[PDB]
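Report on one structure; see the data block that follows.
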Amino acid sequence: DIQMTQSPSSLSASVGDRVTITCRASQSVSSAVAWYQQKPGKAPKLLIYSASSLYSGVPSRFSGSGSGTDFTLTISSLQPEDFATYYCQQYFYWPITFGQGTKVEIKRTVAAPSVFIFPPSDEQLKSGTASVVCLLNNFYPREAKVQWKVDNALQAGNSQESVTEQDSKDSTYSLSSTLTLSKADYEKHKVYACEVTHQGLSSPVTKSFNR
Amino acid sequence: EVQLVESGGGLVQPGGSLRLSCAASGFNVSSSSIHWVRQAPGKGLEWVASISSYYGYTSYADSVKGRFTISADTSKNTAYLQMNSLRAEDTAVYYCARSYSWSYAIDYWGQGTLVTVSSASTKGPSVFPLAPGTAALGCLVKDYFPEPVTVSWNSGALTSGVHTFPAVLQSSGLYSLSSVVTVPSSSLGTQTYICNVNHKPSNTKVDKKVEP
Amino acid sequence: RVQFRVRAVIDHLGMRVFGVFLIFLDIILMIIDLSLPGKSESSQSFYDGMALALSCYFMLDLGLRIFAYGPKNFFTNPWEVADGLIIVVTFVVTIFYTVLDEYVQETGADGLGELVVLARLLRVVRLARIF
Ligand SMILES: CCCCCCCCCCCC[N+](C)(C)[O-]
Ligand SMILES: [Cl-]
Ligand SMILES: [Mg+2]
C-alpha cells in the first residue's frame, strides 16, 4: 500500500516565519493530496486539496505544492494560532493514507513560570493517601525541571507530570507535578518543597510549606 | 449548514460490539461519501471505512475488514459503523467525515466519539480541593476510569485563567488530573469558586466548593 | 468551401468504419489495460501511449469533420456536437492521465478519479451514440 512519508515530525518556528512541511508519496498519486490541520482534541479541518487549491475560507498564508511525488505545505507567515498538527493524505489510490504528522510549535520569547504549591486536603487524607501538587503557570520554553524535596530529602519515583498544550493566543505552557504518598509517610515529615528549574529563572525557585 | 453528529461511543469489553452513528445535515448521504477515520489516543489518523451509496460502494481498511461494517440509512440521512469483535487496538476517537464523492477530498469532520475497549470497569472520581495580587486554586480529580471527565468552573461561567490538565494514567490503572484557575486575591472570601466535575461514563457529577 | 471539397470526400472510403473499428480497438485496449495487474511503469507508458494515440486520431478526425463540413452546418445539428464534445472531454482527460500529469495540481480540479471513470464510460457511449 501507499505510504506518505512526512517530515519533520515536528518543528518550532517564530511568528512571522515561513515554515515548510514535506510529504513524499511512495508512488505517483497525481494531485490527489490534501492537508489537514488538527488542534488538540479537535476534529481536523481541511486546508488544501488537489495538492494546491486553498479550501474556501482558509487563510491564504497556507499553501500547497506538488513536485512529482513530493508535496509541500507552506505556512508563510506563521501565526500563533497555527500551533497544531498538520497531516497530508493521499486519496488517489485505496486505502486512503495519512502521513504521521507534523507537530508545529510556536517559538516565542522566554517567560518564567509562576510557581504554586498545594498541600493535600483533609478530605483526601481522611482516605489514606496524600497528593501534593506543584503548579508551574504560563511559561515558555517547555523544558522545565521539577524536583520534590521532603525535609530536604530528594524525592524520586513517586511523582507524575502533565503539561498543557501550547496556548493559542500567548504561546505558553502550564505544568503540574504531583507527589503522591501514603497518609503514613506524609505524617512522618514536615517540609514539602518543589524546586523549579527553567530558563526564565536565573536560579531555581522553591515553593514549600510545612505539615 | 453542514453538521455531522456522531454518537454510539464508549466502554466495551474485548470480544464485544458497538454501533456508532453519524447524523448528517446540510447535504445528502445518498449522493455523498461518508468516511470513518480513527485516532488512537496520542497517535495519528487511520482511515477505516467509506460508503458512497450512490454507487453501492463501500470499502474497508484491512485492520477492520470483516469485523466492522459501514452503512447508511439514506432516509434518516444517517451513517452507521457496526463494530464487532473489538480488540484493545481499536481504542480511538472515531470521526465521521464527508466528501463530495469518493474521489474528492474529505472536507468536513465531526468532533468524533471515544471508543474504549477494555475489560476494566467504570469508576467515577473522587474530587479534592487545591485550596489557595493573583491567587491560584483548583480541583484534583482522582482515581477514575475510563476517560474522560469534564471540568468546568462555576458551571462554565468561569473560563479565563483556567487550565485543565491532560489526565495521567496512574500505575493503579486509573486516571487522575487537576484543573486550576488563577484569580485575583482580593476575591477569595467574597466570590465563590466551584468546580463541576462530570464523568459521563458513571453518571457521576461532583461539585467542590474550594475556599481558603 | 475551397477545401471542403477534397476533405468531405476523403472522410469516406474507407474512413467510414476504420474510425469505428478504431473505437472498438480503444475499448478493448482499455479492458486489457484495466485487467493486467501490477504492470510496470514501462508497460504502463506503453498502454497509455496507445490510448493517447488513438485519442489524438479521434481528435484530428474532428478537426476535419469541422474544417470540411464547416463550423456552422455540423454545429447546427447539436446531436453531432454531443459526440464531438464527448471526444474533446475524453481527449483532455487522457492527455492528462498519460502525459500532462504532473501539471494537474495546476488545473485545481478535484474528483480526478471520477473524471477518469467518466471518460472511460464516454468511450462506450460513443458506440451507443452509433445506431
Ligand atoms: C480538468 C483537467 C483534469 C483532467 C485530469 C484527469 C485525471 C488524471 C489522472 C492521472 C493519474 C496518473 N497516474 C500516474 C497516477 O496514474
Ligand atoms: Cl493569512
Ligand atoms: Mg490553553
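As they're listed, the protein sequences go chains L, H and S.
Each residue of the first sequence is one higher than the one before, starting from 1 at the first, in the authors' numbering.
The second sequence lines up with residues 1 to 132, 140 to 219 when you count with the authors' numbering.
Each residue of the third sequence is one higher than the one before, starting from 104 at the first, in the authors' numbering.
Yeah, the Cβ is synthetic: ideal placement off N, Cα and C, and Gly gets one too.
Item: Do you know whose CA, among S:118, S:142, S:145, S:150, lies nearest residue 133 of chain S's CA?; Value: S:150
Item: Residue 151 of chain S versus chain L: which residues are under 8 angstroms apart at the beta carbon?; Value: Near residue 151 of chain S there are no residues of chain L at all, since even the closest Cβ is about 12 angstroms away, more than 8 angstroms.
Item: Is it right to say residue 189 of chain L is buried, meaning 16 or more other beta carbons lie within 10 angstroms of its own, or is it exposed?; Value: exposed
Item: Quick check: is any heavy atom of ligand 4 less than 7 angstroms from the C-beta of residue 221 of chain S?; Value: Within the structure as shown, ligand 4 is missing, the only ligands being ligand 1, ligand 2 and ligand 3.
Item: Assuming residue 110 of chain L and residue 16 of chain L form a contact by the criterion Cβ under 8 angstroms, report the distance between their Cβ atoms to the nearest whole angstrom.; Value: Not really, about 18 angstroms apart at Cβ, beyond 8 angstroms.
Item: Cβ closer than 8 angstroms: which chain H residues qualify as neighbours of residue 42 of chain L?; Value: 111
Item: What's the gap between the Cα of residue 96 of chain L and the Cα of residue 144 of chain S?; Value: 22 angstroms
Item: Here's a check: name, in chain order, each residue in its chain whose Cβ is nearer than 6 angstroms to the Cβ of residue 148 of chain L, leaving out the five neighbours to either side.; Value: 155, 159, 179, 194
Item: Could you check whether residue 208 of chain H and residue 153 of chain H sit closer than 8 angstroms to each other, using their CB atoms as the reference points?; Value: yes
Item: Quick one: does residue 216 of chain S have its CB under 8 angstroms from some CB of chain L?; Value: yes
Item: If we count the other Cβ atoms within 10 Å of its Cβ and call it buried at 16 or more, is residue 28 of chain H buried or exposed?; Value: exposed
Item: Alpha carbons only, please: which of L:93, L:207, L:104 is nearest the one belonging to residue 177 of chain L?; Value: L:207
Item: According to DSSP, is residue 84 of chain H part of a helix, a strand, or is it coil?; Value: coil
Item: Does the pairing of the segment 33 to 40 of chain L with the segment 79 to 89 of chain L give three or more beta-carbon distances under 8 angstroms?; Value: yes
Item: For residue 132 of chain L and residue 102 of chain L, what's the separation of their Cα atoms in angstroms?; Value: 35 angstroms
Item: Counting only the same chain and skipping the five closest in sequence on each side, list residues whose C-beta sits under 7 angstroms from that of residue 8 of chain L.; Value: 102
Item: So residue 94 of chain H and residue 36 of chain H are in contact, right, with Cβ under 8 angstroms, and what is the actual spacing, rounded?; Value: 6 angstroms
Item: Just how far apart, CA to CA, sit residue 195 of chain S and residue 154 of chain S?; Value: 12 angstroms
Item: What's the call for residue 199 of chain H, buried or exposed, on a 16-neighbour Cβ count within 10 Å?; Value: exposed
Item: Under 7 angstroms Cβ-Cβ, which residues of chain H neighbour residue 213 of chain S?; Value: 104, 105
Item: Give a yes or no on whether 8 angstroms exceeds the smallest Cβ distance from residue 101 of chain H to chain S.; Value: yes
Item: Look up residue 217 of chain S in the DSSP assignment and say whether it is helix, strand or coil.; Value: helix
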